[PDB]
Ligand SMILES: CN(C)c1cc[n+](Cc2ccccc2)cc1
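Heads up, the chain below is alone and in the form deposited without 1-benzyl-4-(dimethylamino)pyridinium (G8V); it's given as structure tokens.
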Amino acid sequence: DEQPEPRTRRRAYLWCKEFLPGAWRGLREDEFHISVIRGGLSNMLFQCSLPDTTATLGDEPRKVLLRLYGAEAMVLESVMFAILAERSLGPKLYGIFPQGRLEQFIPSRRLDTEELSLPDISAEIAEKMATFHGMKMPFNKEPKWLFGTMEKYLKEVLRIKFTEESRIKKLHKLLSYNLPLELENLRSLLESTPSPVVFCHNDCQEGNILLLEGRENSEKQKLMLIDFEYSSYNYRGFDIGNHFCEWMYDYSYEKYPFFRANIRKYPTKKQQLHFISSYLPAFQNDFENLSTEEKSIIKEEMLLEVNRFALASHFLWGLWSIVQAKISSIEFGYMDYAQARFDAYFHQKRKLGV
């Protein structure tokens, strides 16, 4: 288990000792256990724990996750995390301070891309998302996030000047589509596509879904959605369409560009209907008491809705990725990823006949 540098060890020890109750309060520095869960320059994660020989005094956790930010948004993100914790839809919040958070450590692993298509996994994600979508949050209810964000990235993308030859050639090719005009065409399409405004996760990818340890038996209760940093009131179609897009991207791929894209992994009509068939009863509650006529019309229109909004997933994350090619320190093939998203966008446009 990778040890942090002595300084980070000492800081982590002091936060745990001061924010956590019970046996943590009298812990000595020499008794403190910590290891790295994820390095990097931002959102460093560590597991912190009591010695195995140390007894708890009450209901304090034996193990916690320390999240360190590194290099209004903090207020919103913080309040949102605390509310989800109170409602048991996220990890408990044990401590909050300018440099990070102490969270409940959830014994689990992330799902892999291939698991998204498993019937039981997909059905639970649908149910979890419908729950997420149904609740009240003290945030702006106007759906300006989607196009406001897309405009913001496009404005930045148009200003970008690369110096390295590969990035230069790639940006040229992406620019050749006339993105401002394409954004306008997308805007018009989505304007004519009704979709309820709900509290969306906005990044429901496999890496943000935990498979809970000790619960492979549980058909319906084995997942937790995490990482709500992008969450906002947004069109329901975006959340679902974005999730469907994520079937096609595997970020665990070990060589450059550090992802694999496969267009044929997008869910089939059957797979899509299985997802929405689980979503709709969880979101509407009495949905199954409607006529087969009405149920089918709702389902068919919803397929249209989410598949059109999947275009915005491609366009938004495509633009985002170009910006990250300029600003991010992370080892990821951002320009290659942007091209993959735009390739999918035009493919999806062709499939839809739009």
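Between two forms, the rigid core is defined as the largest C-alpha subset superposing within 1.5 Å. In case it trips you up, residue 1 is the first one in the sequence shown, and so on.
Root mean square Cα distance to the shown form, taken over structures and residues in 8 other deposited structures of this protein after a core fit, is higher for 164-172 when 164-172 and 189-197 are compared. Between stretches 215-223 and 115-123, greater average Cα displacement in 8 other deposited structures of this protein relative to the shown form, fitted by the core, falls on 215-223.
The stretch of deposited sequence separating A71 from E72 contains 10 or more residues lacking coordinates in this entry.
Here 311-319 and 325-333 are compared by their mean Cα B-factor, and 325-333 comes out higher. Checked against the record, the higher mean CA B factor of 272-280 and 215-223 lies with 215-223. Considering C200, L158, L93, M137 together, the PDB entry gives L158 the largest C-alpha B factor. Out of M248, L84, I209, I168, the entry records its largest CA B-factor for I168.
Annotation for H133: CA B-factor lies in the middle third of the chain's modelled residues. In the deposited entry, the Cα temperature factor of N43 sits in the top third of values across the chain's modelled residues. Ranked by Cα temperature factor within the chain, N289 sits in the highest third according to the deposited record. In the PDB entry, a CA B factor belonging to the middle third of its chain's modelled residues is recorded for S117. For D239, the recorded CA B-factor ranks within the lowest third of the chain. Only modelled residues enter the ranking.
As for the form deposited with 1-benzyl-4-(dimethylamino)pyridinium (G8V) bound, it is not shown, yet the points below apply to it.
Proximity of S291 to 1-benzyl-4-(dimethylamino)pyridinium (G8V) in the deposited bound form: non-hydrogen atoms within 4.5 Å are absent; the residue sits far from the partner. Taking the partner from the other structure, 1-benzyl-4-(dimethylamino)pyridinium (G8V) in the deposited bound form has no heavy atom within 4.5 Å of any heavy atom of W15.
Although the partner is absent from this view, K326 contacts 1-benzyl-4-(dimethylamino)pyridinium (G8V) in the deposited bound form, with a non-hydrogen atom inside 4.5 angstroms. Shown alone here, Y345 lies farther than 4.5 Å from 1-benzyl-4-(dimethylamino)pyridinium (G8V) in the deposited bound form, counting heavy atoms only. Just one of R260, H274, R167, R187 comes within 4.5 Å of 1-benzyl-4-(dimethylamino)pyridinium (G8V) in the deposited bound form, counting any heavy atom, and that one is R167.
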